[PDB]
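Participant: give me the fold of what follows.
(4 chains, ligands or ions: 2)
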Amino acid sequence: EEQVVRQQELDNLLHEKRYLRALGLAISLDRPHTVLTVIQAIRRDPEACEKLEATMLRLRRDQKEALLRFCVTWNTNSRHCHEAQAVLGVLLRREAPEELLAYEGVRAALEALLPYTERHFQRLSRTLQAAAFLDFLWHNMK
Amino acid sequence: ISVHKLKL
Amino acid sequence: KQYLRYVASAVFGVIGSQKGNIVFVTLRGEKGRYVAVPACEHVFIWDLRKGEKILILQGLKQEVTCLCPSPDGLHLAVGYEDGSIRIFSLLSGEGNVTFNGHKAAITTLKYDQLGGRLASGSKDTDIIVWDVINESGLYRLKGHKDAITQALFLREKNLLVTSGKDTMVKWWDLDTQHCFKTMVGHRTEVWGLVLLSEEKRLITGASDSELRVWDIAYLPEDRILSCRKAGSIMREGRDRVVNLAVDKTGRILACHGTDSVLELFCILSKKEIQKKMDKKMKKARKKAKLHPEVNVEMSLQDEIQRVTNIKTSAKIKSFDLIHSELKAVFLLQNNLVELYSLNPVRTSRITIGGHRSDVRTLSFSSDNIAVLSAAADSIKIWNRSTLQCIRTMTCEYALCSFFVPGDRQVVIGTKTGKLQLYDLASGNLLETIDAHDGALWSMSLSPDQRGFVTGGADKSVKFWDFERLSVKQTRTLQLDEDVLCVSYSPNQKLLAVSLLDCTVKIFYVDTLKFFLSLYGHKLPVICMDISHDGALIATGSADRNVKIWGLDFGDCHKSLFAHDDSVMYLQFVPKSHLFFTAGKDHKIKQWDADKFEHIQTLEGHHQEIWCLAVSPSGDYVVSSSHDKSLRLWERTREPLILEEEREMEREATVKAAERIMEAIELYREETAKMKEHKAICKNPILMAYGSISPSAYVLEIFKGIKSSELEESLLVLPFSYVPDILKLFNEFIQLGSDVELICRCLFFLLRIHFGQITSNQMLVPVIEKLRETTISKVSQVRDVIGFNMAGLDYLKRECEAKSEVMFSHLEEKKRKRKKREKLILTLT
RNA sequence: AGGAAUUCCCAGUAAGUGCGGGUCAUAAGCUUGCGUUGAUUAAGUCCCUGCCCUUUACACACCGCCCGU
Ligand SMILES: [Mg+2]
Ligand SMILES: [Mg+2]
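Facilitator: Numbers count the residues shown, from 1 in each chain, chains lettered A, B, ... in the order given. Ligands and ions are numbered 1, 2, ... in the order given. And now the structure:
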């Protein structure tokens, strides 16, 4: 009788478009796909994107731990890496490095994250090289 | 077997 | 060799089916005079005072499951086991509206107050709301997980509340088709749900003695409404709640369990509640003089009071209430409807018109005018044409019965070893003969008008003759096992009996000597019949096969599959070698004994068929089934051709490049339209994707394009659409959405149209916005990933440092190494 | 100089021309060798008419769940 009540609130929170409040419940209910859809929906909305990192601080400790293991799967897929990288950026700058070591499964999390994140950096480097073609077009326009 | 099952 | 078709003429002997609900109807301005009762595949309108059928509403091949009368009174909604919903006009008697959204039996049907919307529940876990006036289905609700028990509208805020066989109560916002509130209180099925006190209290019935109530107040935070546990009221019945009903605009709440008694409750509201509270306070003040919150608590518990409960003869299936004195109509397992009057006394019954149990034996008179049907505790005689019960006699039980050649008398068999005889005119039992020790199973009439033969559970077979009418026993024939069927030849030469062992033994009538034996059935033979010539005898067993045997030598001509279950009865037509059989597979079939062919199938009944009878003229056939109904079939003049009947059962986008063009054109048109609309202040495709900007709609078109087909679609696109795409691409990068996809598309167009872009001076502003945006956004994304370099790499080194402290060192080094060796395939 | 319908055909191929043999089967107004002359169009799609398969070797790069009874 508990989950169906929690599910009813989660089904509600999506309906009035309250994605910020939906972050806590979906992480607590352990739905990685639901969180991923909400994270994408937050970023497209302009005002919600800036208040994203403020929300992440208010979450308790264990929600951030299960959240971290969600980003491991998301960073694997190229279509889903950008939403993962934005989230992983928040954890690094906000929280203390020694506290990151205190997390459970952080050692196993670091093993998977490094190779796939290295792949994304090389792809963006090639795009930056291709972006220089705009400067060549500007000088050749009359 | 009895007729009660089969017929009735 | 041409055959003739048999067609179902009428259905009789049924008052009310066990499944369904009884409803009061308004005809000719009399609210309580007429009632609507469900039968097998039909629904009947009865007059309680007169006792006759005013009107019958046609059905099609499927049983009716539930009934709902329209608020206006002109229409009544009908639900079927298939899932189709049909609405009938009472005055015309013809229904032309069909709703077939559901895929299972329609459990409930309810109307709103106005009558424009209809809500239906089914065993499939769905609720569908229909537009009655427009004859269309509005929307489907899919929240529930089990069968739907109840569905009720709310007038005040356009809300629907539903209950199901699952332990949940769900609240729906019909405007958005969203389930906003769910109750999890109950432990078991929520069988009942009613609204009371002007939609301020909620009452639920479950499979327990306690009956819970909630109070609702309009406005995990609650939304729209809130509900609190007001309390519970006790029930006398200890069983499950079958039904909860409240009469329209009344103060009477009726609770019904599996037992026969119906429980009534009366609510106190408005001044009556206030007057009772004032009286209680004065009595409390008098008690204080002789020698409050408790008084208020006493008032709350006494808000609803128990009036005297109605008791019925048998258990009730459905009931209805009307209040101007309370009138309550009932439907029982017996096809019997009763009305009781209370402010209890029984005012009327419609017990005439059907047997109280399933008809086990069935017979015709010597002429075709009369039809005999007998069951447990009742015997009735039916006129074939006029179709009303001529006379009724009580009996101990019915298993077999023949009609004596005299038109005045009848003879029946019983489960107890007895025989009873009656006159039709006198309507009394003549005498009772202890014919057999055990159950008497079969009875056969002599070819000549004198005498008859009985066989039964007692292993002997006894011969009787007629002697005011009386019967005496001439001689008896004793056998080794039980006797299933006795039937002897159209000439008085040969006698055929069926035993419990899988054999049919033929005896000479004159000498009582063995003549023949028929074997080969895996299961004992239930039914037997002998042709008019006497050449062929057909035997049917509990095993599905039916076999034809010749009397001359006992040779088996044929064995047929026939029904899918055990065959119950078999009988030849009088004129020719055609016989009718009925089995437990819901069917009646006729066969040609000479050609061993299946000619016809009658598909009227909905349950297993107990008995069958054919007229001596052969024109009419009557059958009885587990469903409490009797059906009549008649021969028609239209010829039947076999192979024409045999075939009756056999019968019974746009390319990626073009998509970009339409998206751009749609964007061009709308931006002009919004410009005009704003000036006045001083499309359907967009709502299809949800309300979004026209610039947004172009984006998902690009996302929908497959990666492989991306490059040639851009090559195909003409330069006319290119400047617009560059403006739209700039808008995409600034939002930051799908930058990798857009930049890959953007860089391709610039290369292929490099020369033409350079010439056009109109594009000079465009790339200046593009040049500043593109590098700024791409660098930002790369920096975010690049910042993750430092944090992850540093945390990697810290974990490696901790492992160094532990380094037993060889064991730890071996254990540490062992983790980091993955395995790959290699062709050596 | 052979209608309607219909059949076959991509390089020494289509078509024309001559000269032999009758070979343990077949072949007589027919069968099979051998040489001579030698072209037009086409080297790609699943639109029609059909056929064969599939929809559970982790370099880089790419890609990211067939559906129903
Ligand atoms: Mg020619
Ligand atoms: Mg030649």
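
Participant: all contacts plus neighbour counts: C-alpha atoms, from now on.
Facilitator: Fine.

Participant: what residues are bridge-paired with the closest residue to residue C:540 other than its chain neighbours?
Facilitator: The shortest distance from residue C:540 to any residue that is not its chain neighbour, by CA to CA, 6 or more residues apart in numbering or on different chains, is 4.6 Å, and that residue is residue C:546. Per DSSP bridges, residues listed as beta-bridge partners of residue C:546: residue C:540, residue C:560.

Participant: isn't residue C:546 right up against residue C:539?
Facilitator: Yes. With contact defined as CA atoms under 8 Å, residue C:546 and residue C:539 form a contacting pair (5.8 Å).

Participant: what does the residue of the stretch 701-828 of chain C found nearest chain B show for phi and psi?
Facilitator: With CA to the nearest CA as the measure, the residue in the stretch 701-828 of chain C that lies nearest chain B is residue C:704; the distance is 65.8 Å. Backbone torsions for residue C:704, taken as degrees, to the nearest 10, come to phi -70, psi -20.

Participant: thinking again about what came up before, what's around the residue nearest to residue C:540, how many residues?
Facilitator: The number of residues packed around residue C:546, counting by other CA atoms under 10 Å in any protein chain shown, is 24.

Participant: please tell me how far it sits from RNA strand D.
Facilitator: 33 Å (CA to the nearest atom of the strand, to the nearest Å).

Participant: show me the contacts for that residue.
Facilitator: Residue C:546 makes contact with C:538, C:539, C:540, C:559, C:560, C:561, C:562, according to CA atoms under 8 Å, 6 or more residues apart in numbering or on different chains.

Participant: closest to residue C:23 among the residues you listed?
Facilitator: For these, the residue nearest residue C:23 by CA to CA is residue C:562; the value is 41.5 Å.

Participant: does the closest one count as helix, strand or coil?
Facilitator: coil (DSSP: H, G, I helix; E, B strand; the rest coil).

Participant: correct me if wrong: it contacts residue C:545.
Facilitator: Yes. Taking contacts as CA under 8 Å, residue C:562 lies within contact range of residue C:545: 6.2 Å.

Participant: most neighbours, which of the contacts of residue C:546?
Facilitator: Ranked by neighbour count under the definition other CA under 10 Å, the contacts of residue C:546 are headed by residue C:540 with 28 neighbours.

Participant: quick one: contacts for that one?
Facilitator: Under the criterion of CA under 8 Å, 6+ apart, the neighbours of residue C:540 are C:525, C:526, C:527, C:528, C:546, C:547, C:567, C:568, C:569, C:570.

Participant: any chance of JSON lines for those, columns distance to residue A:23?
Facilitator: Below are the contacts of residue C:540 laid out as JSON lines (distance: CA to CA, whole Å):
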{"residue": "C:525", "distance to residue A:23": "73"}
{"residue": "C:526", "distance to residue A:23": "71"}
{"residue": "C:527", "distance to residue A:23": "73"}
{"residue": "C:528", "distance to residue A:23": "76"}
{"residue": "C:546", "distance to residue A:23": "71"}
{"residue": "C:547", "distance to residue A:23": "74"}
{"residue": "C:567", "distance to residue A:23": "66"}
{"residue": "C:568", "distance to residue A:23": "67"}
{"residue": "C:569", "distance to residue A:23": "70"}
{"residue": "C:570", "distance to residue A:23": "73"}
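
Participant: of the residues you listed, closest to residue C:774?
Facilitator: Closest approach between the contacts of residue C:540 and residue C:774, by CA to CA: residue C:567, at 84.0 Å.

Participant: what's the burial count for the closest one?
Facilitator: Burial of residue C:567, expressed as a neighbour count using other CA under 10 Å, amounts to 31.

Participant: about what we covered before: between residue C:546 and residue C:539, what contacts are shared?
Facilitator: For the pair residue C:546 and residue C:539, no residue contacts each of them under the criterion CA under 8 Å, 6+ apart.

Participant: report the closest residue of the stretch 351-500 of chain C relative to RNA strand D.
Facilitator: Proximity of the stretch 351-500 of chain C to RNA strand D (CA to the nearest atom of the strand) peaks at residue C:358, 34.9 Å away.

Participant: now do the residue in chain B positioned nearest to chain A against residue C:566, distance only.
Facilitator: Of all residues in chain B, residue B:5 sits closest to chain A, at 46.3 Å by CA to the nearest CA. Computed with CA to CA, to the nearest Å, the distance linking residue B:5 and residue C:566 is 12 Å.

Participant: now swap in residue C:24 and tell me
Facilitator: With distances taken as CA to CA, residue C:24 is found 41 Å from residue C:566.

Participant: again with residue C:120
Facilitator: On the measure of CA to CA, residue C:120 and residue C:566 end up 38 Å apart.

Participant: next: residue C:771.
Facilitator: Residue C:771 sits 86 Å away from residue C:566 when distances are taken as CA to CA.

Participant: higher neighbour count, the two?
Facilitator: Set side by side, residue C:771 and residue C:566 show unequal neighbour counts under other CA under 10 Å, the larger going to residue C:566 at 24 against 18.

Participant: now do the contacts for the more buried one.
Facilitator: Residues C:541, C:542, C:543, C:544, C:583, C:584, C:585 are the ones in contact with residue C:566 under the rule CA under 8 Å, 6+ apart.

Participant: can you list which of the residues you listed are found in strands?
Facilitator: For the contacts of residue C:566, the ones inside strands are C:541, C:583, with DSSP state E as the criterion.

Participant: for the contacts of residue C:566, give me CSV that also has neighbour count.
Facilitator: Putting the contacts of residue C:566 into CSV (neighbours: other CA atoms under 10 Å in any protein chain shown) gives the following:
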residue, neighbour count
C:541, 23
C:542, 20
C:543, 18
C:544, 19
C:583, 25
C:584, 19
C:585, 17
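
Participant: let me have the contacts of residue C:566 in CSV, extended by distance to chain A.
Facilitator: As requested, those are exported to CSV (distance: CA to the nearest CA, whole Å):
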residue, distance to chain A
C:541, 55
C:542, 51
C:543, 51
C:544, 51
C:583, 49
C:584, 45
C:585, 44
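
Participant: from residue C:693, how far off is the residue positioned nearest the centre of chain C?
Facilitator: With distances taken as CA atoms, centre = their mean, the residue of chain C nearest its centroid is residue C:105 (2.2 Å). Computed with CA to CA, the distance linking residue C:105 and residue C:693 is 45 Å.

Participant: what residues sit buried inside stretch C:422-431?
Facilitator: Residues of stretch C:422-431 classed as buried: C:422, C:423, C:424 (neighbour count, 16 or more other CA atoms under 10 Å in any protein chain shown).

Participant: ignore the last one, stretch C:231-240
Facilitator: Residues C:235, C:237, C:240 are the ones in stretch C:231-240 that count as buried (16+ other CA under 10 Å).

Participant: identify the residues contacting that stretch?
Facilitator: Everything outside stretch C:231-240 that qualifies as a contact, by CA under 8 Å, 6+ apart, is C:206, C:207, C:208, C:209, C:210, C:211, C:212, C:213, C:214, C:257, C:258, C:259.

Participant: and for stretch C:726-742?
Facilitator: A:44, C:695, C:746, C:766, C:769, C:770, C:773, C:774, C:777, C:778.

Participant: ok, 7 Å please
Facilitator: For stretch C:726-742, the surrounding residues in contact (CA atoms under 7 Å, 6 or more residues apart in numbering or on different chains) are C:695, C:766, C:770, C:773, C:774.

Participant: stretch C:707-718 too?
Facilitator: C:656, C:657, C:749.

Participant: tabulate those in a markdown table, adding columns for secondary structure and neighbour count.
Facilitator: Listed next are the contacts of stretch C:707-718 as a markdown table, based on DSSP: H, G, I helix; E, B strand; the rest coil; neighbours: other CA atoms under 10 Å in any protein chain shown:
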| residue | secondary structure | neighbour count |
| --- | --- | --- |
| C:656 | helix | 19 |
| C:657 | helix | 19 |
| C:749 | helix | 19 |
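
Participant: please identify the helix or strand for residue 5.
Facilitator: Here I'm looking at chain A. helix A:2-15 (DSSP states H and E).

Participant: wrong one, I was asking about chain C
Facilitator: Secondary structure assignment for residue C:5, by DSSP H and E: strand C:3-12.
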